[PDB]
Amino acid sequence: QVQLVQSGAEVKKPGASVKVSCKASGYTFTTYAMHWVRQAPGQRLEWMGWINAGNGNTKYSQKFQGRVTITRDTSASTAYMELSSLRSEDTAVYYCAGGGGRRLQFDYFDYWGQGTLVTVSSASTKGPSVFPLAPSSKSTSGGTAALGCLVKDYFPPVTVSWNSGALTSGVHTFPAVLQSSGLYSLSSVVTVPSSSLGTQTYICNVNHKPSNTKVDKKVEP
Amino acid sequence: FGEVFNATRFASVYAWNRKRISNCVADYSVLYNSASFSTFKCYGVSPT
Amino acid sequence: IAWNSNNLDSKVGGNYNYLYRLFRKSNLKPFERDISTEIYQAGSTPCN
Amino acid sequence: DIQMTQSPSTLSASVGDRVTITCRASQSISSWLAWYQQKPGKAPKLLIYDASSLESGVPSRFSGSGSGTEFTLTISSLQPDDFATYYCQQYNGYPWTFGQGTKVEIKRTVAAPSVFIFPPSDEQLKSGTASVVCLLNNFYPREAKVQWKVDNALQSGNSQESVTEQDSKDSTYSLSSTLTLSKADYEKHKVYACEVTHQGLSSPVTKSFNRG
């Protein structure tokens with residue numbers, strides 16, 4: 001079965017350029033059709049261009065004309081993409097597609113790369129600030145209350161857990177949100193029977209690898 | 001053919017010059033594969 | 001039989017699903033398919 | 001350029017049922033199209049090409065149809081692996097576009113939310129910006145509404161909404177409303193309230209507190 005794999009995550013800055021690339025593994029290369037397409041988060045997919053993995057042909061888009069380029073290396077059987085004059089919009093996930101096989105060209109994407117994540121930012125690495133989310137006895141709902149562990153003003157998704165896997169029930173971890181300041185923020189929450197409020201110990205567990213920080217905070221009701 | 005391709009001073013485009021070349025024995029082998037011509041191409045007649 | 005058809009085949013801006021050979025060493029014996037693609041060798045400096 | 005818009009938008013279903021999707025085109029298409037399945041956080045998988053053909057390795061349930069402009073996908077029985085969006089691709093002309101996204105969700109008696117608010121933490125009060133969290137958990141309808149009422153006034157622009165994705169086991173939805181502001185606004189205000197309007201709820205429900 002043909003498969004496509006490619007590079008990991010990237011982070012860049014405005015005005016720069018980035019080079020993503022995907023390696024092919026196909027039973028024959030009968031004028032193969034590596035063929036790029038991108039997706040801004042929560043948006044319509046957008047199509048880049050197609051390289052003629054047979055020889056050299058380079059039909060490109062039109063919204064992206066004059067600033068993106070594509071090449072490939074025959075011996076390594078990989079496909080090379082290049083974009084310049086980046087800007088905050090092109091924050092997206094980038095995809096390799098193609099691989100007809102029977103006939104030589106199509107225009108439908110039947111073999112998809114597992115995805116490449118590109119973030120166009122102006123900030124830099126920063127640790128996440130942490131605050132507890134204490135409930136009150138005012139809202140004792142069915143003898144159960146909610147509780148969480150906020151994270152604010154950080155940049156490169158945070159792995160969050162409660163008492164290092166000790167708790168699994170009712171856990172909730174919301175997706176991140178961009179702010180005006182250009183920093184990300186997350187809120188994670190969970191509810192427990194209020195009966196065990198004052199007699200148990202809950203501490204969220206956050207791991208931000210791009211800054212290597214590990215923070216724990218006991219929640220005081 | 002040898003001297004035109006190796007003439008030392010070529011004219012400018014507007015004053016291009018001709019040669020009523022005739023009654024001779026061409027040989028396009030080396031001219032084809034001199035391995036130095038950045039642009040050989042033509043029409044009407046196949047290169048070979 | 002032949003009939004005009006671009007209303008089905010000419011994707012606007014350009015179709016590229018249709019390819020045809022241009023250079024081959026031999027003229028083609030009737031009724032054979034020669035799918036495989038390689039590179040052509042002309043005179044000296046043969047290219048593979 | 002060719003425009004591609006899908007009229008259905010989001011849809012609803014339950015296991016073992018049939019669904020239909022419409023993909024309309026601004027111009028005429030000569031049955032050039034394909035249908036992609038995309039689970040969350042994965043890569044697209046192709047299902048149908050040339051608007052009719054069934055590509056190998058897929059369940060036989062899927063089936064295309066249609067020609068000209070209005071195009072249709074349809075599945076007989078609804079298996080679990082059908083729970084994701086679906087896109088339509090045109091390839092009649094140049095720059096090839098895509099649809100909007102058509103998601104399907106399991107449908108069941110509406111579950112009403114449980115509302116929660118959190119006052120800002122005093123450690124956050126040391127920093128210099130104020131954060132307020134209004135929470136909604138396990139409410140099956142997604143098109144809900146939350147508004148903030150501070151000192152008996154509505155508040156706009158400074159609020160952000162983040163909504164979870166529906167859980168397989170839970171099959172419900174959960175939401176957080178965050179209100180952020182600078183300290184100078186904080187003590188200037190005495191009472192804080194977030195209000196939520198929900199289909200399952202009999203009446204709009206207000207939850208609130210004041211400082212201390």
# chains A, B, ... in the order shown; residues from 1 in each chain; ligands from 1
>>> closest_atom_pairs(of="chain A", to="chain C", cutoff="12 Å", atoms="only C-alpha atoms", output="JSON lines")
{"residue": "A:28", "atom": "CA", "partner": "C:36", "partner_atom": "CA", "distance": 11.5}
{"residue": "A:29", "atom": "CA", "partner": "C:37", "partner_atom": "CA", "distance": 10.6}
{"residue": "A:30", "atom": "CA", "partner": "C:37", "partner_atom": "CA", "distance": 8.5}
{"residue": "A:31", "atom": "CA", "partner": "C:37", "partner_atom": "CA", "distance": 9.2}
{"residue": "A:33", "atom": "CA", "partner": "C:17", "partner_atom": "CA", "distance": 11.1}
{"residue": "A:50", "atom": "CA", "partner": "C:16", "partner_atom": "CA", "distance": 11.0}
{"residue": "A:51", "atom": "CA", "partner": "C:16", "partner_atom": "CA", "distance": 11.9}
{"residue": "A:52", "atom": "CA", "partner": "C:16", "partner_atom": "CA", "distance": 10.3}
{"residue": "A:54", "atom": "CA", "partner": "C:37", "partner_atom": "CA", "distance": 9.7}
{"residue": "A:55", "atom": "CA", "partner": "C:37", "partner_atom": "CA", "distance": 11.0}
{"residue": "A:57", "atom": "CA", "partner": "C:16", "partner_atom": "CA", "distance": 10.3}
{"residue": "A:58", "atom": "CA", "partner": "C:16", "partner_atom": "CA", "distance": 11.5}
{"residue": "A:59", "atom": "CA", "partner": "C:16", "partner_atom": "CA", "distance": 9.9}
{"residue": "A:60", "atom": "CA", "partner": "C:13", "partner_atom": "CA", "distance": 11.7}
{"residue": "A:61", "atom": "CA", "partner": "C:13", "partner_atom": "CA", "distance": 11.2}
{"residue": "A:62", "atom": "CA", "partner": "C:13", "partner_atom": "CA", "distance": 11.3}
{"residue": "A:100", "atom": "CA", "partner": "C:17", "partner_atom": "CA", "distance": 11.2}
{"residue": "A:103", "atom": "CA", "partner": "C:17", "partner_atom": "CA", "distance": 8.6}
{"residue": "A:104", "atom": "CA", "partner": "C:17", "partner_atom": "CA", "distance": 7.1}
{"residue": "A:105", "atom": "CA", "partner": "C:17", "partner_atom": "CA", "distance": 5.3}
{"residue": "A:106", "atom": "CA", "partner": "C:17", "partner_atom": "CA", "distance": 6.6}
{"residue": "A:107", "atom": "CA", "partner": "C:17", "partner_atom": "CA", "distance": 8.7}
{"residue": "A:108", "atom": "CA", "partner": "C:17", "partner_atom": "CA", "distance": 11.9}
>>> residues_around(residues="range 89-97 of chain D", least_positions_apart="3", cutoff="6 Å", atoms="only C-alpha atoms", output="VMD selection string")
(chain A and resid 61) or (chain C and resid 11 to 13) or (chain D and resid 29 32 to 34)
>>> closest_residue(among="C:23, C:29, C:39, C:9", to="chain B", atoms="only C-alpha atoms")
C:23
>>> atom_distance(atom1="CA of residue 72 in chain A", atom2="CA of residue 53 in chain A")
7.1 Å
>>> interface_residues(of="chain B", to="chain C", cutoff="9 Å", atoms="only C-alpha atoms", output="VMD selection string")
chain B and resid 29 32 to 33 35 48
>>> residues_around(residues="range 15-27 of chain B", least_positions_apart="5", cutoff="10 Å", atoms="only C-alpha atoms", output="PyMOL selection string")
chain B and resi 1+4+10+32
>>> write_last_selection(atoms="C-alpha atoms", output="PDB file, in the first residue's frame")
ATOM      1  CA  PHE B   1      30.938  26.449 -41.523  1.00  0.00           C
ATOM      2  CA  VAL B   4      31.598  31.644 -39.423  1.00  0.00           C
ATOM      3  CA  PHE B  10      30.165  39.312 -35.000  1.00  0.00           C
ATOM      4  CA  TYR B  32      25.459  18.998 -33.516  1.00  0.00           C
TER       5      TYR B  32
END
>>> residues_around(residues="range 147-155 of chain D", least_positions_apart="4", cutoff="8 Å", atoms="only C-alpha atoms", output="JSON, numbers by chain")
{"D": [159, 179, 189, 190, 191, 192, 193, 194, 195, 196]}
>>> write_last_selection(atoms="N, CA, C and O atoms", output="PDB file, in the first residue's frame")
ATOM      1  N   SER D 159     -15.019  39.056  25.175  1.00  0.00           N
ATOM      2  CA  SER D 159     -15.308  37.688  25.576  1.00  0.00           C
ATOM      3  C   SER D 159     -14.883  36.731  24.474  1.00  0.00           C
ATOM      4  O   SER D 159     -15.020  37.045  23.287  1.00  0.00           O
ATOM      5  N   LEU D 179     -14.287  35.853  30.295  1.00  0.00           N
ATOM      6  CA  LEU D 179     -14.334  37.304  30.269  1.00  0.00           C
ATOM      7  C   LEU D 179     -13.018  37.824  30.818  1.00  0.00           C
ATOM      8  O   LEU D 179     -12.653  37.519  31.958  1.00  0.00           O
ATOM      9  N   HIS D 189     -16.194  47.632  38.913  1.00  0.00           N
ATOM     10  CA  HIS D 189     -17.461  46.927  38.789  1.00  0.00           C
ATOM     11  C   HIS D 189     -17.686  46.115  40.057  1.00  0.00           C
ATOM     12  O   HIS D 189     -16.726  45.651  40.680  1.00  0.00           O
ATOM     13  N   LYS D 190     -18.949  45.948  40.447  1.00  0.00           N
ATOM     14  CA  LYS D 190     -19.231  45.267  41.706  1.00  0.00           C
ATOM     15  C   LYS D 190     -19.790  43.869  41.484  1.00  0.00           C
ATOM     16  O   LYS D 190     -19.407  42.924  42.182  1.00  0.00           O
ATOM     17  N   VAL D 191     -20.703  43.715  40.527  1.00  0.00           N
ATOM     18  CA  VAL D 191     -21.429  42.465  40.336  1.00  0.00           C
ATOM     19  C   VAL D 191     -21.181  41.942  38.927  1.00  0.00           C
ATOM     20  O   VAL D 191     -21.119  42.712  37.963  1.00  0.00           O
ATOM     21  N   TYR D 192     -21.019  40.625  38.819  1.00  0.00           N
ATOM     22  CA  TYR D 192     -20.708  39.951  37.567  1.00  0.00           C
ATOM     23  C   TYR D 192     -21.709  38.836  37.327  1.00  0.00           C
ATOM     24  O   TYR D 192     -22.081  38.124  38.265  1.00  0.00           O
ATOM     25  N   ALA D 193     -22.127  38.675  36.075  1.00  0.00           N
ATOM     26  CA  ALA D 193     -23.089  37.643  35.722  1.00  0.00           C
ATOM     27  C   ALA D 193     -22.904  37.225  34.274  1.00  0.00           C
ATOM     28  O   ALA D 193     -22.807  38.075  33.385  1.00  0.00           O
ATOM     29  N   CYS D 194     -22.865  35.918  34.043  1.00  0.00           N
ATOM     30  CA  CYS D 194     -22.978  35.354  32.707  1.00  0.00           C
ATOM     31  C   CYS D 194     -24.356  34.726  32.603  1.00  0.00           C
ATOM     32  O   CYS D 194     -24.842  34.125  33.568  1.00  0.00           O
ATOM     33  N   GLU D 195     -24.994  34.885  31.452  1.00  0.00           N
ATOM     34  CA  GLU D 195     -26.314  34.325  31.219  1.00  0.00           C
ATOM     35  C   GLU D 195     -26.271  33.455  29.975  1.00  0.00           C
ATOM     36  O   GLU D 195     -25.594  33.784  28.997  1.00  0.00           O
ATOM     37  N   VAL D 196     -26.991  32.339  30.017  1.00  0.00           N
ATOM     38  CA  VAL D 196     -27.005  31.369  28.933  1.00  0.00           C
ATOM     39  C   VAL D 196     -28.444  31.136  28.500  1.00  0.00           C
ATOM     40  O   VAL D 196     -29.350  31.059  29.337  1.00  0.00           O
TER      41      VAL D 196
END
>>> closest_residue(among="D:28, D:79, D:72, D:6", to="chain A", atoms="only C-alpha atoms")
D:6
>>> residues_around(residues="residue 80 in chain D", least_positions_apart="4", cutoff="10 Å", atoms="only C-alpha atoms", output="list in words")
residues 14, 15, 16, 84, 106 and 168 of chain D
>>> select_by_dssp(residues="chain B", states="alpha helix (DSSP H)", output="PyMOL selection string")
chain B and resi 2-5+28-32
>>> interface_residues(of="chain D", to="chain A", cutoff="7 Å", atoms="only C-alpha atoms", output="PyMOL selection string")
chain D and resi 34+42-44+46+91+95-100+118+121+124+162-164
>>> write_last_selection(atoms="N, CA and C atoms", output="tab-separated table (two decimals), in the first residue's frame")
chain	number	residue	atom	x	y	z
D	34	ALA	N	-15.50	14.89	-6.43
D	34	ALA	CA	-15.10	13.84	-5.52
D	34	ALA	C	-15.57	14.17	-4.11
D	42	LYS	N	-7.07	14.27	11.68
D	42	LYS	CA	-6.48	13.25	10.82
D	42	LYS	C	-6.29	13.81	9.42
D	43	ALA	N	-6.02	12.91	8.49
D	43	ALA	CA	-5.89	13.30	7.11
D	43	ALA	C	-7.12	12.88	6.31
D	44	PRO	N	-7.48	13.64	5.29
D	44	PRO	CA	-8.64	13.29	4.47
D	44	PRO	C	-8.48	11.94	3.80
D	46	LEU	N	-10.41	9.69	0.63
D	46	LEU	CA	-11.31	9.86	-0.50
D	46	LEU	C	-12.37	8.76	-0.51
D	91	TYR	N	-13.59	19.60	-9.84
D	91	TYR	CA	-12.44	19.69	-10.73
D	91	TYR	C	-12.86	19.89	-12.17
D	95	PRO	N	-8.35	27.04	-10.75
D	95	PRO	CA	-7.98	26.61	-9.40
D	95	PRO	C	-9.08	25.84	-8.70
D	96	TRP	N	-8.71	24.62	-8.34
D	96	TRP	CA	-9.66	23.67	-7.80
D	96	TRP	C	-10.03	24.06	-6.38
D	97	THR	N	-11.31	24.12	-6.09
D	97	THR	CA	-11.76	24.59	-4.80
D	97	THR	C	-12.35	23.43	-4.02
D	98	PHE	N	-12.93	23.73	-2.88
D	98	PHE	CA	-13.54	22.73	-2.03
D	98	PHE	C	-14.85	23.27	-1.49
D	99	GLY	N	-15.53	22.45	-0.71
D	99	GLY	CA	-16.80	22.85	-0.15
D	99	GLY	C	-16.67	23.66	1.12
D	100	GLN	N	-17.64	23.45	2.02
D	100	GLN	CA	-17.65	24.16	3.28
D	100	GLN	C	-17.46	23.21	4.45
D	118	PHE	N	-16.52	30.82	37.75
D	118	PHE	CA	-15.38	30.90	38.64
D	118	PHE	C	-14.92	32.35	38.75
D	121	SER	N	-8.80	34.31	40.32
D	121	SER	CA	-7.95	33.96	41.45
D	121	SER	C	-7.12	35.17	41.87
D	124	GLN	N	-3.91	35.62	40.12
D	124	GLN	CA	-4.16	36.36	38.89
D	124	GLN	C	-4.37	37.83	39.20
D	162	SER	N	-14.88	29.06	23.65
D	162	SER	CA	-14.23	27.85	23.19
D	162	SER	C	-15.13	26.67	23.51
D	163	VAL	N	-15.40	25.85	22.50
D	163	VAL	CA	-16.35	24.75	22.62
D	163	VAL	C	-15.62	23.44	22.39
D	164	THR	N	-15.86	22.46	23.24
D	164	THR	CA	-15.20	21.18	23.09
D	164	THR	C	-15.72	20.46	21.86
